[PDB]
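Engineer: experimental coordinates for this protein are included below, preceded by the sequence.
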Amino acid sequence: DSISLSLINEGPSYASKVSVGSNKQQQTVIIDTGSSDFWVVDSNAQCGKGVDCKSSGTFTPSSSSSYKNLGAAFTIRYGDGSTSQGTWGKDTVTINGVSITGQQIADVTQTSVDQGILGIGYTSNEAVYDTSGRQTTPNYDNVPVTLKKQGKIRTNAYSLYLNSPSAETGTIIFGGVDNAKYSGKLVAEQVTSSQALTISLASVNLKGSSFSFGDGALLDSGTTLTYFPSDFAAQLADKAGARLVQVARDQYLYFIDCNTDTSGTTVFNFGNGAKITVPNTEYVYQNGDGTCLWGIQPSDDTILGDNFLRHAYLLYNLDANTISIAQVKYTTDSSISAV
Amino acid sequence: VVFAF
């Protein structure tokens, strides 16, 4: 029992069509290994200034016979500064024809995100706190846990195939693994945090140099680019020619010339001899205006986002606390086994 | 984008 779900490559994010409520109201929502809560855009939400938050489906709680309004205020904040607020509730959620009942979600009535988010990370990382960090509501069974608990999958686990940079679609598989879509063997890596799907990154090879790292990296489907501590990012920027630019009082971004040569690869070395090779096309990102970002950016948090993850096949196992990885093989061939 | 806290 595996559940395949199509991932829409939207550019900066990968989203899936899911349904919510007794009347199966279609929501197109970001598939996010970096958050743990599922929220939907209320049909009467107030979007953030300049944000078209109602173009990817909306949810009307009043037309679902099964919708339960829990008492409780919902608030979440993301790495890029975006936020959502609303109220906690429960309803039926349907994923590629497979329904789960009484799933706790948030009904969002204000958001600066473009669409809803389906957070599928650890339950310990749920957004169950007020602004000051006081816990306001209990931790609860999020979507992957509920899939397991209601007998839809055997193990709280999922495989991620973002597919190639040009592809319109990829696939996420809850409770299974597509053994046709990688070369070599999946190498199991220990998850190093009890809250975040992070594994140890031993080193990064770029432009003929090996840069020792030895710290955790978040494998985040819901991040576009790749983020590293400032000093490590600066070491890589030195080989690549990326230049740091101050864009706000506290924000700095690496820019790079749009016509920069993109031959060569960047290699990421993990535990147990696991290795992911990323083509350097992944490190030039086109902005609207004729400038480009470098695909690595500085941050206190280390995150391998989509520009990395497109080049790996990943089996996240939240029960075993492992993420198993192998170099991706882009193919329509498919041979899925349950996990 | 960069998805929690």
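Structural biologist: Thanks, I have the structure now. Numbers count the residues shown, from 1 in each chain, chains lettered A, B, ... in the order given.
Engineer: how about residue A:91, what does it touch?
Structural biologist: Contact criterion Cβ atoms under 8 Å, 6 or more residues apart in numbering or on different chains gives A:20-22, A:61, A:64, A:66-68, A:102-103, A:105 as the residues in contact with residue A:91. No exception for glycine: its C-beta is placed from N, CA and C like everyone else's.
Engineer: buried ones in the helix or strand containing residue A:148, by neighbour count?
Structural biologist: Residue A:148 is located in helix A:143-149, with elements delineated by DSSP states H and E. By neighbour count on 16 or more other Cβ atoms under 10 Å in any protein chain shown, the buried set for helix A:143-149 is A:143-148.
Engineer: same question for stretch A:177-190.
Structural biologist: In stretch A:177-190, the ones that count as buried by 16+ other Cβ under 10 Å are A:177-179, A:181-182, A:186-189.
Engineer: and that stretch, C-alpha only, in CSV?
Structural biologist: Once side chains and other backbone atoms are set aside, the C-alpha atoms of stretch A:177-190 remain, and they are given as CSV (Å, rounded to 0.1, in the frame of the first residue of the first chain):
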residue,chain,number,x,y,z
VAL,A,177,9.8,3.6,-3.1
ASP,A,178,10.2,3.6,-6.9
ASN,A,179,13.2,1.4,-7.5
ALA,A,180,13.5,2.3,-11.2
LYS,A,181,14.3,5.9,-10.5
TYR,A,182,17.9,5.8,-9.1
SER,A,183,21.2,4.3,-10.0
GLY,A,184,23.2,2.3,-7.5
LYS,A,185,21.7,1.4,-4.1
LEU,A,186,19.8,3.6,-1.7
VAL,A,187,22.2,4.4,1.2
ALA,A,188,20.5,4.9,4.6
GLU,A,189,21.6,8.1,6.5
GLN,A,190,20.9,8.8,10.1
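Engineer: from the buried residues of stretch A:177-190, which are also near chain B?
Structural biologist: Applying Cβ under 8 Å from any Cβ of the partner chain, the subset of those adjacent to chain B is empty.
Engineer: in helices, which of these appear?
Structural biologist: Counted as lying in helices by DSSP state H, out of these, is not a single one.
Engineer: can you tell me which of those lies closest to chain B?
Structural biologist: Sorting the buried residues of stretch A:177-190 by distance to chain B puts residue A:189 at the head of the list, at 19.7 Å, by Cβ to the nearest Cβ.
Engineer: quick one on the thing from earlier: let's have the contacts of residue A:91 in a markdown table, adding distance to residue A:284 and secondary structure.
Structural biologist: Converted to a markdown table, these look like this (distance: Cβ to Cβ, whole Å; DSSP: H, G, I helix; E, B strand; the rest coil):
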| residue | distance to residue A:284 | secondary structure |
| --- | --- | --- |
| A:20 | 37 | strand |
| A:21 | 42 | coil |
| A:22 | 46 | coil |
| A:61 | 43 | helix |
| A:64 | 44 | coil |
| A:66 | 47 | coil |
| A:67 | 45 | coil |
| A:68 | 47 | strand |
| A:102 | 46 | strand |
| A:103 | 40 | strand |
| A:105 | 37 | strand |
